[PDB]
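>
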Amino acid sequence: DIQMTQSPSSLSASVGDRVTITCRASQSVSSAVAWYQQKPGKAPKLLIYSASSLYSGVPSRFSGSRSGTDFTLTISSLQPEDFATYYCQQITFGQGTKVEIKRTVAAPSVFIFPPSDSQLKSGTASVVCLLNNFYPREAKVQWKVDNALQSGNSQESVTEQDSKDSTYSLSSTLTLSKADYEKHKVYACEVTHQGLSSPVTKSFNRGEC
Amino acid sequence: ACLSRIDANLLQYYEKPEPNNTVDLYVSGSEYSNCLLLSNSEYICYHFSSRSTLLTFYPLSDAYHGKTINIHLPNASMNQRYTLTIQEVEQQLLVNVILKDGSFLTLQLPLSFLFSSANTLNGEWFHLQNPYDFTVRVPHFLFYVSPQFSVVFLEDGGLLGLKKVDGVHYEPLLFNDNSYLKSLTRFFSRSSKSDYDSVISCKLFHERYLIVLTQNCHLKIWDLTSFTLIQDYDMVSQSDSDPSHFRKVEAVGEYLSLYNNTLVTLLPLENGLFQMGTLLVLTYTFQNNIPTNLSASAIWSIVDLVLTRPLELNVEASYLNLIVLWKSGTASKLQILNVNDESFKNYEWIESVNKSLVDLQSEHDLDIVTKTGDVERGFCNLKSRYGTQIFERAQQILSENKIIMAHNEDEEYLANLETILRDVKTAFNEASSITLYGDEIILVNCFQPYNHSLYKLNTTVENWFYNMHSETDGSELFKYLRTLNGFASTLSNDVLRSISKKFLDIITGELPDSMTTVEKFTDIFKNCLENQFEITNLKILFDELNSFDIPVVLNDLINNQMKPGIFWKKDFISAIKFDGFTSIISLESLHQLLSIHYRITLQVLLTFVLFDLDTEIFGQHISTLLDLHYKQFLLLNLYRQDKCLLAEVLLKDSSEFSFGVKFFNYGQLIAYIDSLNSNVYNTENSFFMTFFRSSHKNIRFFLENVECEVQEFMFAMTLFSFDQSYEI
Amino acid sequence: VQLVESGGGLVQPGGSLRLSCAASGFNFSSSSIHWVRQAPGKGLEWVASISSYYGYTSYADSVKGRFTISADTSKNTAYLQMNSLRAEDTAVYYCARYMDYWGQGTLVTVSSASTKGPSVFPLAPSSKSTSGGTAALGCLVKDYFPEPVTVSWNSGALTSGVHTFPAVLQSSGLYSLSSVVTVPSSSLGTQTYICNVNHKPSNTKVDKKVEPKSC
């Protein structure tokens, strides 16, 4: 089976910038290559077929080209409605280039929440760390319990980019048994991010107020 | 699609990507190109460079050995080729060119000089002159009317006349113009950069009437006897008067051409309106607006159009034919509008294939013949495929961009070569203009010198090949072939190649003559096909196959369609001199036909190996097919191996036609290609092997294949050039 | 011009589903119908196609032997019969024709468990909320199945500063999501925020009022 690599896997750019997305075939497919744009929650729309033909109705700022086994999708002048995942296709698809409309680094605001009484009431304890309104997307959360490092017992998710200020938010949940929760004192979430000049730690002591 | 694309690089057969005989004249081509027919039945080609500083001439039918002439200009013309004219006066190419500074240059090139060996030219071959002051009122369009008289069109909207008194001097004969007075209105100014309604197309009718099309799509008509405006029609107020947007044409282009007293005009409404009326007495009288069939937003630009006498198309209901050439980037589109009757209300659009077979095959990975393996093998493959002009232009672009071959086996390099070669080719092939070669032959002239595309009327089988995924109806044979392709298209290239090889093996005896047909088919099946296809498609193929009366369809395919006619000589005009153009066009056309034949034949044979078809009943057909498949393979191999040599042996095959052929219509051409087909299926192989011996890796497969005493000999020597050699 | 896709939903593993794609506004009889799927957060995977024109069908390795694609030209409708369904087969399936024309897609969940309504807990604004600064507050909507839940604030009168996060699924097989909003700190004592929680698959609605906790 043919493998279509894309580069980069996630890019970011200004409005008016020229954007280049590349796709490399595992073997050597001939010019039988199409490019699609997919908005989140919607069907992909064809952009380009036969490597360089522009599909009907598509704006001329989109173009396709080939150099050997390298296929290029170019957006000559990026518009704010152009944020999406773009896919090459030969049938196998690329893994998908995600673009968004690049903006300045923005530091998160950090908040920790202890488990409610009602949750403990059922045998489990979830501790939640919120990172609000930051850019870029790559934030790193590190849970510490009495300074000990945690692994395998947390999960996180991220919002879609804000339509006005283009920031992300992130939520992380550390999950423990009530018993394990009660075996420890200091619960802390440490956040590392470009906008932060050093890592930020928010913490509580169990059962204090 | 009733026409196909045959690409012609006039230098393809030769190593030098430039004619040895090139001469540079100086006065004290990738932006326009065209052909013009002369008194001597020869076609001269010309090119105007990107900068409009260089004019180039070369003889269509003798590009390599004949003379190409580069005329260098002191400065660019005022407005490209639109300020340039070229006509044959009396044994001379008269060329006039308004230059940017205002000068009016005249060139006189003797026909002899155009077809001589000389690198020198005597006498006044050029005259500079300043008849009018073009600094103030800038011209943009020059239109030839006669050897002594011709008109100039100006950007502001005015016309100038240009009358020749002696042999050299020209004088302004001004026309009466009161259009400007619309300046009095608050909606126009003389001083405004907009508001100009300048001429964008112009044609001469009956030597006297001058029909002009303006940017606002007014058809004005000037009587050159009176020098007075006789007519002024607003073309747009007839059809649906769109207040939203009518695109006033913002440049000079080919927006009309007349035949007898008919006249088509191109109006922009989604870039899609062909108006056509009649001229008569002067009166123009509307008949109909015929829209275009164009989608993908409608983003095609007219390159050239030519109204003319009807063609031999698949719909007999025909009265006139408009040939139309669109462009979108380096992609082109050729269409023919057929008007059925003298009412211009019944018509039909006929499309064509806008890529050659070789290109389509390369794009869609449908090429089974081209040898695989070594990196240098791929080098020979591309070199031979593309021709030296392109291959070297591509190697130039590589080194400029600092892409340099690492070692003998740099596959990463070759990959880049594929694309640069394709792009260079595509560029070179950008369309510029139409020429009606002969009486009716549709020719397109490309941006790069020595590059032309002929558009060839398809035969029946070619129409089937080129319309598998289309033809609503079709005869039984078409449907049968279509179903065979329906199954075969699901197989991969490697499988198909291994099967082809096996069919060669039946002929070579590598599959012993001792075996029965059934045993060989069983061998083939087990080794090549088993586990290599989806049983669902097999069931499908079987079902569809059971609707057909196989013996009859196979009969019609083999004995009518594919096996050509016995000739009692049917006038393939014998060429007195080698015609490189018809030579390469013939070879490429033959190659297309035989490639199609190859794919069909292979698909049928495949059906014979897959199913229990009585090997005795169909024995005749089976062996005929294996013979035809074998000959096809051979020819195609030789073609991509050494085109020049193939052409040479294939034209020295026919005695009376040793030098070549001339064809003036599609019937003569089709008949000639068929003639060569006959030659192949029935002396070529010997002359080819002989001339070659006097492509080494080649004739290994081609002494394994094309061999099956003489074959042993050849194998023994090609293999000497060692144990195998001595043993054999 | 329009493809229509009906017949997905929730299905027990090892079970079966027939998807329909009803076509219109093009020549169905000479088109090819493809089925393309997208697993949560992943890329596009072509699984199968059929030529109307000859019945010719083919399949991705990942579904071969379990999926059958078919087509009825006389009702312009194509089908994908899915047997022996697996967790690996969850996702959203489209139907495309040749790919210019795309199905609005239908989602297929392969798994089990009953319908469960969520519990709703407050995410209370920190007592250390910055004076004159911004506070965050929220609601946690835990342990429901299947999707979808919707949360609003103050019956929709409060949209500014609201973020409702994508649902995580737990190892339990139940979903959890959070919704939050930022408000001025000085409004924590004066103003009333109420998060409404809507889970239609189990006709549950929750109205929870979040506030600062008392010690």
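Chains as they are written, first to last, in the deposited numbering: chain L, 4 to 93, 99 to 217; chain E, 2 to 29, 53 to 305, 311 to 711, 715 to 726, 733 to 746, 754 to 766, 770 to 776; chain H, 28 to 125, 137 to 253.
We put the beta carbon where it would ideally sit given N, CA and C, even for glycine.
(1) Less than 8 Å between the C-beta atoms of residue 26(L) and residue 65(L), yes or no?
(2) Would residue 101(H) count as contacting chain E if we go by Cβ distances under 8 Å?
(3) Just mark residue 266(E) as buried or exposed, buried being the case when its beta carbon has 16 or more other beta carbons within 10 Å.
(4) Is the segment 37 to 49 of chain H touching the segment 89 to 108 of chain H, taking contact as three or more C-beta pairs under 8 Å?
(5) Counting only Cβ-Cβ distances shorter than 7 Å, please list the residues of the segment 165 to 195 of chain L near chain H, keeping chain order.
(6) Relative to the C-alpha of residue 524(E), which candidate in 514(E), 183(E), 553(E) has its C-alpha closest?
(7) What do you reckon, is the C-beta of residue 144(E) under 7 Å from a heavy atom of the ligand ADP?
(8) Whole angstroms is fine: what's the gap from residue 543(E)'s alpha carbon to residue 535(E)'s?
(9) So the candidates are 235(E), 262(E), 261(E), 526(E); which of them puts its Cα closest to the Cα of residue 253(E)?
(10) In terms of residue numbering, what span does the beta strand (DSSP E) encompassing residue 355(E) cover?
(11) DSSP three-state call for residue 65(H): helix, strand or coil?
(12) Given that a residue counts as buried once 16 or more other Cβ atoms are within 10 Å of its Cβ, and exposed if not, what is residue 403(E)?
(13) Could you name the residues of chain E that residue 57(H) contacts, counting a contact when the two beta carbons are closer than 9 Å?
(14) Beta strand (DSSP E) containing residue 146(L): first to last residue?
(15) So what's residue 187(E) in DSSP terms, helix, strand or just coil?
(16) Give the range of the alpha helix (DSSP H) segment to which residue 653(E) is assigned.
(17) So if I threshold CB-CB distances at 7 Å, which residues from the segment 503 to 525 of chain E count as touching chain H?
(18) Roughly how many angstroms separate the alpha carbons of residue 230(H) and residue 127(L), rounded to a whole number?
(19) Could you pull the start and end residues of the beta strand (DSSP E) that residue 176(L) belongs to?
(20) Could you tell me the alpha carbon to alpha carbon distance between residue 131(E) and residue 199(E), rounded to whole angstroms?
(21) Establish whether the CB of residue 326(E) and some CB of chain L are separated by less than 8 Å.
(22) If you draw a straight line from the C-alpha of residue 147(L) to the C-alpha of residue 24(L), how long is it?
(23) Any Cβ of chain L within less than 8 Å of the Cβ of residue 445(E)?
(24) So the beta strand (DSSP E) residue 246(H) belongs to, where does it begin and stop?
(25) Compile a chain-ordered list of the residues in the segment 33 to 55 of chain H whose CB is closer than 7 Å to at least one CB of chain L.
(26) Could you tell me whether the Cβ atoms of residue 287(E) and residue 257(E) are closer together than 8 Å?
(27) Would you mind working out which of 214(E), 591(E), 408(E) sits nearest residue 660(E), comparing C-alpha positions?
(28) Could you name the residues of the segment 378 to 410 of chain E whose beta carbon sits closer than 8 Å to any beta carbon of chain L, in the order they occur along the chain?
(29) Nearest CA to the CA of residue 203(E): which residue from 589(E), 214(E), 456(E), 699(E)?
(30) Check each candidate in 358(E), 716(E), 162(E) and name the one with the smallest Cα separation from residue 128(E).
(31) What residues in the segment 562 to 574 of chain E have a beta carbon less than 9 Å from any beta carbon of chain H?
(32) Give, in chain order, every residue of the segment 442 to 474 of chain E whose Cβ lies closer than 7 Å to some Cβ of chain L.
(33) Just checking my contact of residue 326(E) with residue 33(L) at CB under 8 Å: how many whole Å lie between their CB atoms?
(34) Hey, quick one: how far does the beta strand (DSSP E) through residue 417(E) stretch, first residue to last?
(35) Note down, in chain order, every chain H residue with its Cβ under 9 Å from the Cβ of residue 163(L).
(36) Given a limit of 9 Å on CB to CB distance, which residues of the segment 27 to 46 of chain L reach chain E?
The relevant details are as follows:
(1) no
(2) no
(3) exposed
(4) yes
(5) 165, 167, 177, 179
(6) 553(E)
(7) Among the components modelled here there is no ligand, and therefore nothing to report on the ligand ADP.
(8) 11 Å
(9) 235(E)
(10) 349 to 357
(11) strand
(12) exposed
(13) 498, 499, 501
(14) Where residue 146(L) is concerned, there is no enclosing beta strand (DSSP E), given that its DSSP letter is neither H nor E.
(15) strand
(16) 648 to 670
(17) 512, 515, 519
(18) 23 Å
(19) 176 to 185
(20) 26 Å
(21) yes
(22) 24 Å
(23) yes
(24) 242 to 248
(25) none
(26) no
(27) 591(E)
(28) 391, 392, 393, 394
(29) 214(E)
(30) 162(E)
(31) 563, 565, 566, 568, 569, 570, 572, 573
(32) 444, 445, 447, 448
(33) That pair is no contact at about 26 Å.
(34) From DSSP, residue 417(E) is part of no beta strand (DSSP E) but of the alpha helix (DSSP H) over 417 to 429.
(35) 206, 208
(36) 31, 32, 33, 34, 35
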